[PDB]
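To start, the structure itself, in structure tokens.
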Amino acid sequence: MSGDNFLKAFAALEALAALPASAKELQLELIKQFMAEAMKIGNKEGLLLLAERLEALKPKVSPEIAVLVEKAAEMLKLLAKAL
Amino acid sequence: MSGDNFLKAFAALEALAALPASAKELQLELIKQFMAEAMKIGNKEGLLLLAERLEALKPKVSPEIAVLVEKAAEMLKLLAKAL
Amino acid sequence: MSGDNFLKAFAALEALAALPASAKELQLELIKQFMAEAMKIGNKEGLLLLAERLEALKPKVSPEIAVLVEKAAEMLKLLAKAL
Amino acid sequence: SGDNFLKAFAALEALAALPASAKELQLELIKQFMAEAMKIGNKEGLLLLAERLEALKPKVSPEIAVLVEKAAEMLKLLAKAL
Amino acid sequence: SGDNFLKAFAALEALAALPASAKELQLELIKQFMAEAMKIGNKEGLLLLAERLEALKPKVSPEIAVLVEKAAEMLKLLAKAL
Amino acid sequence: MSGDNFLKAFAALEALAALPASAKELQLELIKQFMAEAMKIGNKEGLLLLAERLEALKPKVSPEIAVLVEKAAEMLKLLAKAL
Amino acid sequence: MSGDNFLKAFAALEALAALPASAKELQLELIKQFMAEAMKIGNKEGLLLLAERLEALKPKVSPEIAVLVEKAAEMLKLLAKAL
Amino acid sequence: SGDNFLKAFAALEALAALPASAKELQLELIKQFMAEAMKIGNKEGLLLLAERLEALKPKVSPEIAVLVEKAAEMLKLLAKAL
Amino acid sequence: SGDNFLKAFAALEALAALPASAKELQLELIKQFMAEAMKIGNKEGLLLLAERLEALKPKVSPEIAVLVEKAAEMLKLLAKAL
Amino acid sequence: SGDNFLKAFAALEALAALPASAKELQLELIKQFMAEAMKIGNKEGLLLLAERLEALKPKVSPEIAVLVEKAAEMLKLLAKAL
Amino acid sequence: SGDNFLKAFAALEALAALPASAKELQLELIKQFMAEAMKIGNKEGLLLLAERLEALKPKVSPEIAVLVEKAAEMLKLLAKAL
Amino acid sequence: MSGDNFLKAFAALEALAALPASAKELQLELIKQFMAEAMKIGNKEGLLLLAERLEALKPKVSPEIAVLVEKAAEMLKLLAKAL
């Protein structure tokens, strides 16, 4: 398993949670960090757990970023199915 | 900004292009590698260029990962609009 | 005096505490990640802090993993005593 | 920016969970935090971490408290210079 | 495993553009390709690279062609072992 | 499955075997190195093999580290049984 | 690691050849990625191969860079002669 | 951790050779310097780099000199906390 | 050159200590050995490892024994190409 | 990138301290200098190093002087392009 | 510290298995050994590795034999300086 | 040919020269850093240049490190002689 990638992806969501909704540029950067780490996870449950946690942060982000949060969670779910 | 990430991501699409449509497992791993590298690209044009090249690969991938390719391209395009 | 190993180990316990009890597989993987980082810590108070924080997560993990949580924390205290 | 902001943010959360008596480890986490916050290059995140760093000054040892105050002041100065 | 397939596939495309007289550079790209191909845990990727490697036998030096042949036979044996 | 971690961990036991029983800090440091590499082994036989080799070295380690060696080998076994 | 540098330099030219002539920013970044890898090549045939391939890409690059491509291929030739 | 002392020393030498008008480049080297100096455990090194950082204050841009001043006092307090 | 000989030599020592039944672990160590032995530009070292690898052939699984022999033959061909 | 300016600046400092006869080492430090100077995204950094690189040309070997020259011209065109 | 002792110990193990004729590889492993032995910081580890290095002097070339004796002498001097 | 190790070794002697003769623990650390890099140089001119430079630092270092500085310079000259 790529547990280190799950650790870094989980920590990206924790810092993304504590950012104000106005810091759109830092939110966008952490999602790029989160996705890059999540795309290396070979565990289905890990991808789905991060997908449901990412969806929980969608109310905590800018509306422009919320669309990314949705499409990113959709990718992790599709990546879990394809594994 | 991150041209080395653009190099690895572009090389991922070229190796993906040479894969047979039945090598679903290997195609899926290069997509995970491509998205991991493309997530670190801060140039809007480079993301859109790679997104278009990824969409041209949809007919050559396995039909069970073609949706993932389609969403990965939309993932990159939405990234370019957000940067 | 590591410091950075304490950060990765502490982050591993935070990700471990957020997992459901049914994800023994991610729990086992994060423990292996946590132990790999906790083993590189040359600070006695840090080893005891992580060991205590690890013992608190025993009720929230699967009973098959709980014996690993017990031995992991027990070893961190032995390592702290050896320093 | 993003990768440095993660480890710096994670350094503050581990620092908050330390007891006020583990001074040697508290000092080491701020050295790890300042080494990572010094590579961010963003104004808003530097001010976000500097504000979070100030909130941990009561939870820190009295000797480290002046280090925490001076570290948060420099992240503000670093943010203004950018 | 995928990143090893990337560098191994890129080494073959670079080896393909090399002239037959660049024997020193052909040997080094094969050392590079093998070093990466030995970390591929995918049976299909090894069989593909091995077949691509054998298509390069006429374009490489005759001294290298034996190395090309033995390297392809290794990838098949590694593939069958998986 | 990462044989690279098995190589470092196996090399740690060989250097640990060549140390005198008095080199307490050298033994303790090699064991912290051994465990950090052993926790990243995802093979059942590799963990059980190194755990068996670790118990064979307990007569050669310092009395202070003997209990740590004892629990380190028990950790690797409890690992492989959960893998 | 002479051969690894040649791999990344050759991959840099192939990605540069696939870029549109308007992507001056990407073409620039790839040139710097190419030269950074080309400076680490100690093979005379390798430098002359990449220098002639880089010359072939000069009409395909943004006009602002065609001068920079010319001096880069010039530099790689002067390196091969000095080796 | 003398490896970090080497880079932090090299950062001050590059900072000393910059023109006073290279504000952005000065700011980057100080960000690099503090990232390396924050990993130093030796007391004499933190004080030597702090006294060398203060000697460069007349050579930096007038914005950044305050940041240089606080970065030096930061290294003074770290050496004290050790 | 030397650091790859160290890892390759260390791989054979760990491979020789493996039981004949640990097929998956034997295969991974040869994947590790060959990856390191494929960046050794020393003729004496390649022949040393090739002879040392041939002696491990009775110790390994029958299917790995074929991979062991093909591996020794590659290093000899590498040594002759250098 | 500030880290690349630091390594490139250190390359020029060592290059300036070499004797005029050390052709092989002067050539190697230039390859090291350029490999780091290529990854610099600051105009003032590239022109600063190109200025210092031109000041080293009288002290290097005549064969190396042609590379020192074209490397300074590269960094100027590089700063113009950014 | 412990990882440096590991590679240094592994360097002596591979050095002991080398024939007295592979001088370029014996020389390279010694430079690999000293590169790792310089960053150990443990007085016992330096003296133990210096002893094992001395015991390899009969199995190495007379040219490398003087490198072996001076490398062991320095590890002994380094252990006293700690 | 590792000119990078020459850069790190040259920078080590510059920082060593700027140290006072009293910070023995820091001077000794830079000797260890310098030696670790100087071993992997491989250039006969560079080893003799750093050896001659290192000799010029021997009167400036602490009296205990001077015997180590002397033997360190004799090693680099023996390395360049064996090259």
Side-chain angles (χ1 to χ4, degrees), chain B residues 3, chain G residues 28-29 31-40 65 67-68 71-72 74-76 78-79 82, chain H residues 6-33 36 56 59-61, chain J residues 1-18 22 25-61 64-82, chain L residues 3-4 6-8 10-11 14:
Chain G
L28 182 54
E29 185 65 37
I31 288 292
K32 319 199 304 209
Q33 291 288 344
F34 167 75
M35 284 295 291
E37 300 293 334
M39 301 305 294
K40 289 303 142 79
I65 300 189
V67 156
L68 194 66
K71 304 297 169 158
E74 147 205 292
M75 177 100 81
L76 301 187
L78 290 179
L79 280 179
Chain H
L6 294 177
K7 329 215 194 72
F9 179 90
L12 291 188
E13 307 296 77
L15 186 65
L18 294 189
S21 56
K23 170 184 173 188
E24 176 175 329
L25 195 55
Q26 290 169 359
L27 183 54
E28 251 298 294
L29 294 184
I30 290 151
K31 292 171 73 180
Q32 294 287 345
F33 166 79
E36 305 286 354
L56 302 185
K59 234 166 193 283
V60 313
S61 182
Chain J
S1 303
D3 46 309
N4 293 115
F5 180 86
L6 251 185
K7 301 178 240 157
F9 178 86
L12 293 192
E13 297 285 72
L15 181 62
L18 289 191
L25 201 51
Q26 286 168 1
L27 170 69
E28 177 64 26
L29 296 192
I30 289 181
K31 293 155 78 282
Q32 291 288 332
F33 166 74
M34 289 298 298
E36 297 292 338
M38 286 319 285
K39 303 180 281 238
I40 301 177
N42 187 258
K43 294 191 216 291
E44 263 173 349
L46 297 176
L47 300 185
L48 194 281
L49 299 177
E51 165 178 6
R52 296 185 68 98
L53 188 57
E54 287 171 322
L56 272 60
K57 201 207 305 172
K59 302 173 299 178
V60 302
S61 171
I64 304 297
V66 86
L67 263 164
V68 164
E69 192 148 50
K70 306 308 174 316
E73 313 200 81
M74 181 86 67
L75 302 182
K76 296 178 193 175
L77 311 172
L78 213 59
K80 294 167 176 280
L82 292 178
Chain L
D4 42 324
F6 177 84
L7 292 175
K8 293 120 85 183
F10 174 83
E14 307 298 79

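Chain letters run A, B, ... following the sequence lines, proteins first, then strands; residues in each count from 1. Heavy atoms only: backbone and side chains are in, while hydrogens, waters and symmetry mates are out.
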Between J:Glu51 and J:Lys76, does a salt bridge (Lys or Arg N to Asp or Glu O under 4.0 Å) hold up when you go through it step by step?
-> CA-CA 9 Å; J:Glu51 165 178 6; J:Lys76 296 178 193 175; over 6 Å; no

Check step by step if side chain to side chain contact (heavy atoms under 4.5 Å, CB included) holds for J:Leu27 and J:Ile30.
-> CA-CA 5 Å; J:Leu27 170 69; J:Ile30 289 181; 5.6 Å; no

Got a list of side-chain donor-acceptor pairs under 3.5 Å for residues 39-49 of chain J, not counting sequence neighbours?
unit_1: J:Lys39; atom_1: NZ; unit_2: J:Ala35; atom_2: O; d: 3.2
unit_1: J:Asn42; atom_1: OD1; unit_2: J:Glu44; atom_2: N; d: 3.1
unit_1: J:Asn42; atom_1: OD1; unit_2: J:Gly45; atom_2: N; d: 3.0
unit_1: J:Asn42; atom_1: ND2; unit_2: H:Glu24; atom_2: OE2; d: 3.2
unit_1: J:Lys43; atom_1: NZ; unit_2: J:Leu82; atom_2: O; d: 2.5

Between G:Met75 and J:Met34, is any pair of side-chain heavy atoms under 4.5 Å apart?
-> yes

Exceeds 12 heavy-atom contacts within 6.0 angstrom, atom NZ of G:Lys71 | no

Over all atoms of both residues, closest heavy-atom pair of J:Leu53 and J:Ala72 | CD2-N, 3.6 Å

Taking every heavy atom of J:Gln32 against every heavy atom of L:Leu7, the minimum-distance pair comes out as CB-CD1, 3.9 Å

Grab the two heavy atoms, one from J:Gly2 and one from H:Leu29, that are nearest each other, plus how far apart they are.
-> O-CD2, 4.2 Å

Side chain to side chain contact (heavy atoms under 4.5 Å, CB included) between J:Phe9 and H:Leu15: does it pass, once the steps are laid out?
-> CA-CA 10 Å; J:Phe9 178 86; H:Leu15 186 65; over 6 Å; no

Full working for salt bridge (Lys or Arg N to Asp or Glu O under 4.0 Å) between G:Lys32 and G:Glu29 | CA-CA 5 Å; G:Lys32 319 199 304 209; G:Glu29 185 65 37; 3.7 Å; yes

Which heavy atom in J:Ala37 sits nearest to a heavy atom in J:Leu75, and how many Å separate them?
-> CB-CD2, 3.8 Å

Heavy-atom distance under 4.5 Å between the side chains of J:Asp3 and J:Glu36, does that happen here?
-> no

When rounded to the nearest 0.5 angstrom, what is the spacing between CD in H:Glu13 and CG in H:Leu56?
-> 8.0 Å

So which heavy atom on H:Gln26 is nearest to which on H:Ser61, and how close?
-> OE1-N, 2.9 Å

Would you name the heavy atoms of H:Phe33 and H:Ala8 that are closest together and state the gap between them?
-> CD1-O, 3.1 Å

